[PDB]
Structure formats: structure tokens, C-alpha cells
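Okay, structure first, notes after.
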Amino acid sequence: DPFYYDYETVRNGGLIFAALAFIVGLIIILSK
Amino acid sequence: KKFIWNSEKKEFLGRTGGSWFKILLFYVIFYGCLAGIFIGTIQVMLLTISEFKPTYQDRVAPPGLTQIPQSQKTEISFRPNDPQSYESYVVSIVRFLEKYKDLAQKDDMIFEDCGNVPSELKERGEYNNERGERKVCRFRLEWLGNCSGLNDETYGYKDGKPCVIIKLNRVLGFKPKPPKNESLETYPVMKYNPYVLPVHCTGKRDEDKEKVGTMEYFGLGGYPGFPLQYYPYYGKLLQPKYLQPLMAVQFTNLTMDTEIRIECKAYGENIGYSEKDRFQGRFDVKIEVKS
Amino acid sequence: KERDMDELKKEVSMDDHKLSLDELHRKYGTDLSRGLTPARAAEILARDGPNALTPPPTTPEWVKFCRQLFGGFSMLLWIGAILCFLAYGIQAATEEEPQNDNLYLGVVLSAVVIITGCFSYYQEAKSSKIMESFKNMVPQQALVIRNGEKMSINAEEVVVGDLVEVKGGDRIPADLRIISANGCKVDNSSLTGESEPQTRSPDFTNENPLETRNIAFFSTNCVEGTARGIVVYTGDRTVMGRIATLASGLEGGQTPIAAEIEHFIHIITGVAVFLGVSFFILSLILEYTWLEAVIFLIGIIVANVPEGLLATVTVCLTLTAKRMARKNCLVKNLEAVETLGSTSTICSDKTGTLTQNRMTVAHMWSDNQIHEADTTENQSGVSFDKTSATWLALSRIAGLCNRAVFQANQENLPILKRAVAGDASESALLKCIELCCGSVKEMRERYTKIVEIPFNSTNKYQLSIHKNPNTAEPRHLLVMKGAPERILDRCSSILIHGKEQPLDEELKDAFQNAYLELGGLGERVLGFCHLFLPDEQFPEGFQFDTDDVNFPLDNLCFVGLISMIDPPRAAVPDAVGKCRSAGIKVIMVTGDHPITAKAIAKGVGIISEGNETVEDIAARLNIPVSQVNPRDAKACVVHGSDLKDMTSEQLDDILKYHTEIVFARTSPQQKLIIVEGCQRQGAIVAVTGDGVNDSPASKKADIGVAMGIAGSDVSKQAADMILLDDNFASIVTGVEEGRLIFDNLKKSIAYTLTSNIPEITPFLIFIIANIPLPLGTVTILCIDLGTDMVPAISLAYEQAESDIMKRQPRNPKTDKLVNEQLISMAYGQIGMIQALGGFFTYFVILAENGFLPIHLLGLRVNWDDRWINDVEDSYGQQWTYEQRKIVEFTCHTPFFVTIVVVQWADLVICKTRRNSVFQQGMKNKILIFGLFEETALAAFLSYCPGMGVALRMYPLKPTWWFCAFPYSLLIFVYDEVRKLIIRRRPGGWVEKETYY
Ligand SMILES: *[C@@H]1O[C@H](CO)[C@@H](O[C@@H]2O[C@H](CO)[C@@H](O)[C@H](O)[C@H]2NC(C)=O)[C@H](O)[C@H]1NC(C)=O
Ligand SMILES: *[C@@H]1O[C@H](CO)[C@@H](O[C@@H]2O[C@H](CO)[C@@H](O)[C@H](O)[C@H]2NC(C)=O)[C@H](O)[C@H]1NC(C)=O
Ligand SMILES: CC(C)CCC[C@@H](C)[C@H]1CC[C@H]2[C@@H]3CC=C4C[C@@H](O)CC[C@]4(C)[C@H]3CC[C@]12C
Ligand SMILES: CC(C)CCC[C@@H](C)[C@H]1CC[C@H]2[C@@H]3CC=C4C[C@@H](O)CC[C@]4(C)[C@H]3CC[C@]12C
Ligand SMILES: C[C@]12CC[C@H](O)C[C@H]1CC[C@@H]1[C@@H]2CC[C@]2(C)[C@@H](c3ccc(=O)oc3)CC[C@]12O
Ligand SMILES: *[C@@H]1O[C@H](CO)[C@@H](O)[C@H](O)[C@H]1NC(C)=O
Ligand SMILES: [Mg+2]
Ligand SMILES: [Mg+2]
Ligand code: NA
Ligand SMILES: [Rb+]
């Protein structure tokens, strides 16, 4: 039915994006 | 230092005349370009949507269940004697049912007589514009017994034992699916389970269920629900002047001068509920006929 | 009535020193050789107060915490919180089911102010805490003669009118009136700035109590010799006591950064109340009631208040102060980190600040040639030629014939900073020989001294004879030093490259011009000579008892002169040059003698070589000084004696027509008058000093700089910045950072001010067009106090776009921190584009979910209704209350996301004010992390489980994330072409209208 949206997959992708972008930024401020 | 208004060397409100013209011309050109850009992008956005169907329909997944007297707090408090006490209710009922009169549904080119018995769904092809303007099944006020009458311009409704009709939220392409014959305890209802969306009212707790004595439902042919022959909806553009099904509910044995809560819950598989939205699927009302 | 008390302290002191010993003892009632009875001493001790300055005014910690909770910025946030609770009170009693937004917002604003107070307080408190760890007040007992007996008592138990004795090394307790001296020299450096140790004689010499020699002063140190004296002044009534009490009771003023924040708030609230009032009238003209319109006025005004700009500005200042503390340049006041950059006139001190305040061997004479020795404080300069025989002879004359030796713990300390016992001149000589000629220990004991002759009261000469350890000659080595006029009369032979020659005038006059060269240079010169005593007329057994002529006074062999002076610190001249390069007027203000002040001025850069004083022109033309026009003289020396007889207009003209000025022989009170004269012009002033005389000048200055070790405690407390390493170049570092953080604050302010437009515009068109609310309140908090915090903080780390130490100091009446160009950019152009992008994402979400944008007009009337659960969209569908509210909140979330997307471009363009992003470069790692964290946080707030429940922020369909991309690209391109026209066309349109 068109009255359903897979919100869990989009939500999961957004949380993975938020996690990766934050750890990448941490690597950015840790130049070693 | 705050009298920089003018000087003999040309300044107004802080700057000269030629500077005022230069800045004003720049801001006009700039904002004009901004407006044109916003308009062009909004036009592309208009090109990404169609005229016969909304792109996203998941935010209206469980249809609502409204009533005719759109009360300020879903409460019906009036006096069985004072005619002005219940004027706000009757006014909305007459204005709502003003489009269901036999004179309003007179054109045979846009109206189609569905039938005296609830039948299966009526699919009028696809949602495109290849076909002309679809037909809308008629729904005469006679179906809602004891809550329609053959009254004059003012529908003399029920003072004692009021009437409250219920309506299913009109949704495009929505196909109602009543519960299976394996009904999981759905409060005594007729055996017309296959071609009508059931709606059953009740109290809310041990007190309200006892105060509300008897309830009488009215619908198409006498069934407490919505007939499937009126669904699905094909949008306002393709089906203007569409009449969604109606079903009235009258509370005969009420305890006068007592505010009692009623919950009219619509049952079905394609009918969801929500603990946050008391209107999704279900419906609440606080009736109090104080004499 | 404290005005009169302070006025009687701005006046230079008076005295009664010019009195016969009998008139003095009669006025005070004291035995000149026995002092007074101990009962009389205690009777005065318990009469007027112990000999010690009244402690500073204690500043309780709750007072300065309440101070940090107020101010100008935190006050704007306070009035914002008040307006929030006022609007909430109007909303509660008047309507059903009030919205809690305003209350949530008021408590958040209050929390912002409180937390900013806690952070700023912890920082200023940390500065004062590390400052208390520098008060090493060691009690010092004085030697007092009372009732005819010598006793050593605490300095506070000393009273007025009693005999006090001081020994070379001891500190002068109170203000004494010398009665009997024995070649006594005191150190008036920390008080009157007199560099060389001024001697103290019982005879009255000058009408000024500071210049005369019959007065010892509080906190001064008797360098050499011993003396006696009657205590004239005690406690706070003393000279340095009146100076310190004046310092504490002076005004701090308004820092330039604070005045900039104040004018900034003036513009913020100006446009805020303009928008609020004009929209209040507009809303009443439409349909809304006074009850509603008042809420609209408060909402628009409160919304136009930068909630997070407070924490960002605080962290900006704190970051620059961190870098200051890294270079041992601690700031006591936080905002004081900015004042150095805005400075345009530095008043510096000579003794101890411009100089090292220490006698050092400056130049030497040998082979009729001048040899300049390295006089840096850390020994990082050119080393003279040390391979000639003239040097091997002169170095022994100095290392042997000198009453100077190192002390006990003088081992691990460097050769210069270590303590030397004896005369200051002999100390400089001992250090120079110990530094450029190996060691003086084994060099002094190598020549066993037989008979010596110390310095004489008349014809001051110091001689001594020693045995000769050479393996070729047993003749006795006699050496003598003294003033060149005393040695020229007792010399006939002259040393050159190892051999001797007669006193021919061809080289003797060449010696005289060298003497006047090193002397006219403000230095003190001495002459050194030696002679080989014939072992045939004075054998190795003969003893030359110091009575008769056993040594030939004349016919000696002159080796060379040795001058000496207090040298400037190492990076002092270069730093002065850097300040002049930045357009900072350098003005010397010292109480030392003008003959030395002018030389140090020319030596450090205050007086440029070639520029002439009003006296120099009269000397080059051999004409009276009253004839030359002062306009032909760029530089000028102003004597303190003449400064006493000056008016306001005269000092104004001295500063207006003379570019290089040097104030000599000026009292601390006159220093304050000079600082005030500089401030009358309207320029930012920075006073750099060390002594107590710099206390009233460092206090009244826009920013005071005290030396962390070579400075006195009073001027160190009355100052606003401390140089814990005494590296005067830190002043250059400060003026650079003060301009740097100024420009970066401009960038950060324009960044936080740009987001206000796509925050208030939703509410504005919500009132006008009657459309559903596009942006939520909690989302606005997730922007102003959420995402944007890291980018705005990172904007402080931006570097210089051009050379800031090259441009002239900012004009306070012209270059404001937030001028009308920044408002035209943030509120006018960038924020406008961001608002359009937000509304675009808004219309996309609503049109895609069934509510076409044209249909959204006048829909809020029934949209906000909580009971109309059948609201028709554009497709005829019926929406319940919570369903459409879910859409509105899931429409607020992408509006917030859109804010972050356009803030990407806004941050990159605000990072550079004139240069191109390609030119400057994304080398700011904190900014990169700012964008990554900003985006990740924005995504987390939308996709975390339970956000549509707690913060009512619902997850987004991925296409929403791209609705804002074109607007950001547009912002970046527009600002890039803006900075490009600013580069290619530096004339006026793009520069005077948008460049802020
Ligand atoms: C509608 O209302 C009418 C009254 O106007 C009801 O008619 C009554 O019905 C009962 C049986 O339930 C009879 O005993 C009465 O004699 C009837 N009275 C009249 C005046 O007709 C009718 O039942 C109601 N309809 C429904 C479906 O409840
Ligand atoms: C309608 O409700 C009334 C109550 O309001 C019912 O009548 C009551 O019955 C109880 C016994 O259970 C008596 O004690 C009361 O005195 C009765 N009241 C009245 C007014 O009669 C009545 O039975 C209900 N009728 C229907 C058809 O539901
Ligand atoms: C201008 C460029 C370089 C910025 C780089 C960041 C861009 C490419 C990133 C930042 C945020 C990102 C989005 C983050 C969140 C969502 C939801 C997720 O479930 C699907 C991906 C999607 C839709 C991403 C698409 C790509 C995106 C827009
Ligand atoms: C000169 C060039 C670069 C300008 C071209 C304008 C581009 C960048 C603009 C014009 C219309 C815009 C689109 C309008 C419609 C949609 C559908 C929506 O669900 C997501 C946003 C999205 C995908 C927009 C992305 C950016 C877009 C394509
Ligand atoms: C309570 C409120 C009244 C007007 C209308 O009924 C909508 C209501 C909900 C939203 C609320 C407004 C009031 C102003 C805001 C706090 C105001 C605001 C927002 C953020 C901020 O920092 O300062 C002010 C703009 C909108 C606002 O958040
Ligand atoms: C449901 O079951 C009942 C008997 O239990 C039967 O009478 C009725 O016809 C059934 N309806 C359907 C739609 O199967
Ligand atoms: Mg704000
Ligand atoms: Mg000094
Ligand atoms: Na100050
Ligand atoms: Rb903001």
C-alpha cells in the first residue's frame, strides 16, 4: 500500500551518517 | 550625535540622495533576482508533483473519524428546552448536510445511483486523466433514519436523545477493508461483515458505559458503518462534489444533567489507531444533556 | 568627600627636609644618636598605625561572580528572559491551553547567562589565583637605634621620628631624613625611576624632595655604604604609600572592546525593536488583538537577540587569552586581551621596562678604537675581538682592581642575572670580565694583592699592586682606575698592541673625542691604567705600606676607557620598531635624567636617527634655542621641571605637533597627567612599566602592562596585563592578537547574525500570510544553541588575510566592531537567501504531502485548531489534528536542516572577509570539524529514536536534505563574486557598502 513508509531504514541510515560524520570530524581534529 | 538627519552637504537619515538611490536600486535588483530564483525553484517543485495524486500519503495512514457537531472540546452540552442553547449544533448539522439534499444531487452526468444495499468497492479505472470526470455515488439523507427527517430549512433534530453522525476521513485511493469474519470480540454487530466498514460506539470506563443506556445506529439500509461501494476517493480534481458515506448514532437512554464520555471506535484492518491522536480510527465525545 | 582626598593625592609631595639638625630634632623630639625611649615608640605605634601600607581592598568572590552575571551582553539576554516571562504571563491568564514555548525559552536564556557567568568567572578567577602565587612577601626587619641601643625589629613596628640605620643591602624601611652618611648610595629605581644608584648625603641639595640626597625613600634599597636617619614619613603617608593609595583609588575606564559590545547591542536592539513595533502596528492593522499583538512584539524582539553570541564571544576572547597565557603574557581581565590591538599610543617606562635596570659594561676603548660589548640580557649579540694584548691587559686591570665578588649561592645562576656584592659599576665590570674573559676567581687569586687604595672622596681613584705570575718577568704589576680626567693627569705612557708610546696629542686628543663620544651617548665612562714596577727599585721583599709615595702616580701606561650604562632588553628595539610599523605612537615617560633618556630613546627607536629636537637645531646652528621654530623639530624632550608649569592646551600642542616625544624627570603624578593628556586626543593608550611610579599610570591607561618579575607589586596589581617573562616583545604579540581577534569577532558576529533572518521570517509570514508555522521554537534552539555553536567558535581560529601589523590602528570613531555594513550583509543579503531556502524546503514538504503552497494561505486559522479533525488539503483529503501537526513538526525539522545546509556556505564565506576562499583556504581544522559535527548533530536530532516525542523533531525523507543545496551554492557564489570585486576594485561600491 502507498500508505506505508519504511521510516526505520531511513532513520537507521541517518544515524549511521551522523555517527560516521562525527568520528570523521574527530579524526580531522586529531592530525597526529 | 543623533541629528545626522541633514546638513548643507546633502545627507538624509544618515546618507546622501545619490547614495540612497544607488542602494535602493541595488536592493531592488538583488531582491528581484532572489524572487525570480525562488519562483523558478518553486516552479520546478510544482513540476515534480502531479494533479491527480499526492506524492507522499503515509502521514494519513490511519484515517480519522469525525462528527457533525464540531464542538469546541468535542462536548455536547445544551438544554432540552432552550432553543438557543443548541443552536450552534443544529447550525453545523444543517450546513454539513446541505449538500446531501435530493435537489443538490440532481445531475445524472456526475451522479450515479449506487444502491439500497451496500455492495463491493467501485473502481473507476486508474487515477489518470485519460478518462473524463468520474461519477460520484449518491447518498440521500433518508439513509440516516431518525436523524434526517423531512423537516423544513431548519432540520428539527432531537432535543432529548440527541443525534451525532460519524464520518470517515476522505483519503485518496484508500480502500477500506473491514475485519475478517473471525471478529476478535467486536461488540454485537450485524452479519454484514463483507461490504461495510463497521463503527461501534461505547463508553470509556465502568461509569460511562453504565450511564449511557441505549444507542441506536443508522446507515445505508440499516447497517452501522460505511458501504464499500463509495470507495476509493479519486481526488477533488477528478471527483468534485463527492459525498463520502455517513452513519448516524443516537443516544436514547442518557442520564440527563451528567457529562458522560463516549468513544466511537471504527474497526477494520486498514483502520489504525494512535495513543497520541484520539481521532485516528477512534473518536471521542463528551455528551451532557442538562435540563 | 573622597574627591578632595584624591585631588590632594594627584599633587606632587611637599616636605620639611630643608631643616637644621637642631630644628629637626626640636620638631620631632628625638635624640640624634640615641633615638627615643621604647615607650615613646610604642606610644606612637599604637597612635597612628604600623609602618606598612593598608592592605588592598579585598574583593569577595560572590561580588565578582554577580559581576560576571551582569554586564552589557548578559544584560540583553536578561531583558530577553524577562520579556519571555512577561509574554508567557500574558499568554497564561488570557487564553486556553497556553503554549509552553515562551517559558522553556525564558529558562533557557537564563541558563545561558548563568553558564556564561560560571565559565567567565572561572577564567578570571584562575588568572587571579595564579597571580596570588607570585606574592612572595618576605618580612624585612629594620635596624633601629632607640634609647641609645641598636635593635632589629619588624618593619611595621617602626614609627615616626626615630633613628634608623641602614647597611649596604638592607632596604630603606620608611621615608628617612638622612643625618649622617658614609659613602652611601641608595636605589631610587622602583620609585623615581632613577637608574644609576643615587647617593644620599645629609646635606640638603635640591628643593624637590625626590631629587635631594637628604631623604631615603620607602621600598628603596641602600646599594652600598651605611647611613643614619630620622623617620619623617611612615605607613600610607609615605611617598610610595601616597602613590599606591592613588593607584587603588583611580578609575578603570571603559575598555574599547566593551564599548564595541555596547554599540553592538545598540544596533541589535535598535533593529529588534524597530521590527517588533512596526510588526505590532502591522498585526493590529490586520486583525489580531492587543493581547495577541503584544505577544507578537515580544516574540519578534526576543527572536532578534543572539542567544549564543554570548558564549561564542566569551570563548573567542578566552581562546586568544589562552594564547596570551601560552607566551607567559597573562591577562587579568578577559576582555583586556583585545585592547592591545586597538592601541594607537604606547606610553612606556625606561628603567626596568625599556631597559634592563642594571649597570652593564657598554663600550670599551683599546688601540684608539671603540669596541662595543654585548649588552643583551641573555647574551645573544656580537662578541668583540678578544685576542689582542691590549685586551689581555685591560681585562686584568678591571678583574683585579675592583671591589666586586660573587656571593655564596652564585653558582648555578647565569653570569649576568646572578647577584654581585659591591658597587654597581664594579658589578658590571666583574660580570663583563667573568663573561668575555673566562673567570675572575682564579684570575684574581693569580695576582696576590699586596697594598690597595680604595676610592677617594676627592680625585676619586682606586689603585692596588699585585705580584706577577708570568714565567718571564718578576716585576710587580700595579693597576689603577678612575675618572678619565683624574687618570689623564697621572699618565705619560700609552699601550698599543702590546708596546708603549708617549702621550702624543695626535692620539691623546683622539682619546678625548672618544671620551666625549661615550659620554655624550648617556653612558658613564671610566679609565684603566697599569704599570710594571721595576723590581730593581722595589724588590720582591720590599713592602709598600700605604702611607707615602711608594708608587709612581704619573708615568703610568693607559690601556683604555670602559663605559657602562643600563642596556635595553633584547627584543626591546625590534619590538618598538614593530609597534611604529603598526602605526603606534611610542612615547617614553620616565623620571630618569634627560641626558640618559634621550640616548636610550634614540637607541630603542622612540627617537628616529636623523630627527632633531628643538635644542639639537639650535646646537647645529650655534644660535639660541629661543630662535628655532618648534615646527622644524619633529622630536622633543620635555623636562619634568618645565612640565609642572604646563596647561592643558600646551600639552595638547606638545602631542599634536611633535611625533617623537620623551618626557624626562616626570613624577608619577605627572605620568598620570601625561596618560590623561594622551586620552584627551581620543586615542587608545597602553602604559608599559615596572616601578611603583607606573601604578597611577598603568591604572588610568586603557591597558597597563607590568613586568612580571622586574616590576613592583603595586604597579603589577594596578595593571591590566602581566608579562611573566618580561619579554617586552609580548607587547607586539598583544597588538597583533588584539587586531586578529577583533577581525575574527567581526566574522563570528556576522555569522550568528545571519541566521536570525531564517528564524524570524517564518513567524513574520506566519502572521502576514496566515500559513502554518514553518519553523519551530525548539528547532531554533537546536540552531542558535545547538549546531551553530561549533562553527561560530571555529571562526575565531581564522588567521590574517593580509599583514595586520602593517595597517594603521583602527579609529575608534570610525572602525566599529559591528558597523552598518555587517547588518546589510547578515540581515540584508545572506540571511535573506537562507530564509528563502527554508521556505522552499517548507513548501516542498507541504506540497508533496498534499498541501499545495497556493492552498496554504489563510489555512493556519483552522490548521492550529485542536478539534477540527477534517482539514481539507489540495487533493480533498481530510487531515486530523495530530496528523497535520506531525507534518508541521516534520516540516520544522527540515527547516532546521536547511538552516545548517545554508550555514555551510555562510561559514565558508564569513571565514574570509576580503580574500577568496581559494586564496585563504580550508586549513582551519576546527572549522572542518565544525561542519562535520554540525551536520552529524543535525542528522542525529532528526533520526534519533524518540525525537518526535521529546523535541517533536521527526525523521526526514532523504529528498528533504537536498532542498537547501542550491541556496547554499548561491550564497557561496554571491559572496565569492563580492570578495572578487572587492579585490579587483578596492575603490568604493563593493568596499564601502558590503565589506564589513
Ligand atoms: C424513529 O422515531 C419514531 C418516533 O417518531 C419511532 O417510532 C416509534 O417506534 C416504536 C417502536 O420502537 C413504537 O412503539 C412507537 O409507537 C413509534 N412511534 C411513532 C410516533 O412512530 C421509531 O421507532 C424510530 N426509529 C428507530 C429506527 O428507532
Ligand atoms: C432507560 O434507563 C432508565 C434509567 O434512567 C431505566 O429505568 C430504570 O430502571 C431501574 C431498575 O433497573 C429503576 O430503579 C429506575 O427507577 C428506572 N427509571 C425509570 C425512569 O424508569 C430503563 O429501564 C431504561 N430503558 C431502556 C429501554 O434501556
Ligand atoms: C556540499 C557537499 C560537499 C556537502 C557534503 C555533505 C552532503 C553530500 C551530505 C550531508 C548530509 C547528507 C544526508 C544526511 C542524511 C540523509 C538521510 C539518510 O538516511 C540518507 C542519506 C541522506 C539523504 C544524506 C545525503 C548526502 C548529504 C546531503
Ligand atoms: C545554474 C544552475 C546550477 C541552477 C540549477 C538549479 C538547481 C540547482 C535547482 C533548481 C530546482 C531544484 C530542485 C527543485 C525540486 C527538487 C525535488 C525535491 O523533492 C528535492 C529538491 C529538488 C531536487 C531541488 C534540488 C536543486 C534544484 C535542481
Ligand atoms: C508562543 C508563540 C506565539 C505566537 C503564535 O501563537 C505561535 C506560538 C509558538 C511559537 C512561539 C510564539 C511566540 C514567539 C516565539 C517564542 C518566537 C521566538 C523563537 C525563538 C527565539 O529565540 O525567540 C523568539 C517566534 C515564535 C515563537 O517560538
Ligand atoms: C460468517 O460466519 C457466519 C456463521 O458463523 C455466516 O453466517 C456468515 O455468512 C459468514 N460471513 C462470511 C462473509 O463468510
Ligand atoms: Mg535568535
Ligand atoms: Mg621603572
Ligand atoms: Na585599567
Ligand atoms: Rb541566530
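What follows is calculated from the coordinates using simple rules that are stated; it is not laboratory data. For neighbour counting, all protein chains shown are included, and Cβ atoms are generated from backbone atoms with ideal geometry for every residue, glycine included.
Among C:666-678, C:509-521, how do they line up by average Cβ neighbours within 10 Å per residue, starting with the highest?
C:666-678, C:509-521
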| task | Go ahead and collect, in residue order, the members of the range C:23-45 whose backbone nitrogen is under 11 Å from a label point 7 Å along the Cα-Cβ direction of residue C:149. | result | C:38
| Evaluated at 37 °C with a viscosity of 0.692 mPa s, what Stokes-Einstein diffusion coefficient in µm²/s does the range C:266-349 have when Rh comes from the Kirkwood expression over alpha-carbon pairs? | 202
| query | Quick one: helix C:309-326 against the long Cα principal axis of chain C, what's the angle to the nearest 10°, folded into 0 to 90? | reply | 30
| message | If neighbour count is taken as other Cβ atoms inside 10 Å, put B:100, A:7 in order from fewest to most. | response | A:7, B:100
| field | Neighbour-count ranking [beta-carbon atoms within 10 angstrom, fewest first] of B:45, C:359, C:922 | value | C:922, B:45, C:359
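With both bridge residues required to lie in chain C, what share of the DSSP beta bridges run antiparallel, to the nearest 5%?
Antiparallel: roughly 75 percent of the beta bridges in chain C.
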| remark: Looks like the range C:724-839, by Cα gyration tensor root eigenvalues a ≥ b ≥ c and the a/c under 1.5 rounded cutoff (else prolate when a/b is bigger than b/c, oblate otherwise), is prolate
| query | To the nearest 0.05, what FRET efficiency results for residue C:93 and residue C:646 with a Förster distance of 51 Å applied to their C-beta separation? | reply | 0.15
| request: Post the alpha-carbon centroid distance, the range C:1-33 to the range C:807-850, in whole angstrom. | output: 67
| remark: Scanning chain B, every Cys lacking a C-beta partner under 4.7 angstrom -> B:33
| note | Computed over chain B, the relative contact order (Cα-Cα under 8 Å, seq sep at least six) in percent reads 25
| Leaving out same-chain residues fewer than 8 places away, which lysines sit with a Cα under 17 Å from that of residue C:813? | B:1, B:2, C:746, C:992
| Partners for residue B:101 among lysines (Cα-Cα distance below 16 Å; same-chain residues under 8 apart left out) | B:241
| said: Using only the alpha-carbon atoms of the range C:315-449 as identical scatterers, what base-10 log of I(q)/I(0) does the Debye formula give at q = 0.09, 0.13, 0.15 Å⁻¹? | reply: -0.43, -0.71, -0.82
| For residues of B:169-178, the mean tally of beta carbons on other chains within 10 Å | 4
| remark: For the pair residue C:290 and residue C:408, the simple spin-label estimate (label points 7 Å beyond Cα toward Cβ) gives in nm 8.7
| Beyond 14 Å, what share of the Cα-Cα pairs of the range B:1-49 remains, rounded to the nearest whole percent? | 66
| Per-residue mean of other chain beta-carbon atoms within 10 angstrom of the beta-carbon, peptide C:841-850? | 5
| query | In nanometres, what is the gap between the two model label sites at residue B:256 and residue C:799, each 7 Å from Cα along Cα-to-Cβ? | reply | 9.0
| For the protein assembly as shown, what proportion of DSSP beta bridges, expressed in % and rounded to the nearest 5, is antiparallel? | 75
| remark: Using the Kirkwood formula on alpha carbons, the hydrodynamic radius of the protein assembly as shown in angstrom works out to 39.2
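Of B:53/C:885; C:64/C:327; C:460/C:634, which pairs sit farther than 29 Å apart, going by alpha carbon to alpha carbon?
Beyond 29 Å: C:460/C:634.
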| request: Would you list which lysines come within 26 Å of residue B:191, measuring only between C-alpha atoms, while excluding same-chain residues fewer than 8 positions from it? | output: B:122, B:167, B:175, B:177, B:180, B:204, B:209, B:265
| task | Express in nm, to one decimal, how much length is gained between residue C:65 and residue C:452 on full extension, taking 0.36 nm for each residue of separation and deducting their alpha carbon distance. | result | 132.7 nm
| request: Starting from the Kirkwood radius over alpha-carbon pairs of the range C:39-192, derive D by Stokes-Einstein at 25 °C in a medium of 0.890 mPa s and give it in µm² s⁻¹. | output: 113
| said: Pairs of alpha-carbon atoms within less than 8 angstrom and 6+ residues apart define the contacts here; what relative contact order does chain C have, in percent? | reply: 11
| remark: Measuring from the longest principal axis of the C-alpha atoms of chain C, the long axis of helix C:831-848 (C-alpha) lies at a number of degrees, nearest 10, equal to 30
| said: At a 10 Å Cβ-Cβ cut-off, how would you order C:176, C:334, B:237, C:956, fewest neighbours first? | reply: B:237, C:334, C:956, C:176
| query | From Cα coordinates alone, what are the radius of gyration and Dmax values for chain C in angstrom? | reply | 37.6, 135
| What angle, in degrees between 0 and 90 and rounded to the nearest 10, separates the Cα long axis of helix C:730-754 from the longest principal axis of the Cα atoms of chain C? | 10
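Using 0.36 nm per residue, how much length does the chain from residue C:505 to residue C:129 gain when fully extended, once their Cα-Cα distance is taken away?
Numbers: separation 376, 0.36 × 376 = 135.36 nm, distance 6.57 nm.
Computed gain between residue C:505 and residue C:129 is 128.8 nm.
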| query | For the pair residue B:110 and residue B:291, what calculated FRET efficiency results from E = 1/(1 + (r/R0)^6), where r is the Cβ-Cβ distance and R0 = 45 Å, to the nearest 0.05? | reply | 0.50
| Relative contact order of the range C:18-121, defined on C-alpha pairs under 8 angstrom at six or more residues apart (%) | 29
| When Cβ neighbours within 10 Å are restricted to other protein chains, what is their mean count per residue of peptide C:823-831? | 1
| remark: The rounded separation in angstrom of the Cα centers of the range B:154-207 and the range C:421-465 is 119
| request: Can you pull the one-decimal nm distance between simple spin-label points at residue C:980 and residue C:627, each 7 Å off the Cα toward Cβ? | output: 6.6
| Once the range C:149-219 is represented by equal point scatterers at the alpha-carbon sites, with solvent omitted, what log10 I(q)/I(0) does the Debye formula produce at q = 0.16, 0.22, 0.24, 0.27 Å⁻¹? | -0.55, -1.04, -1.22, -1.48
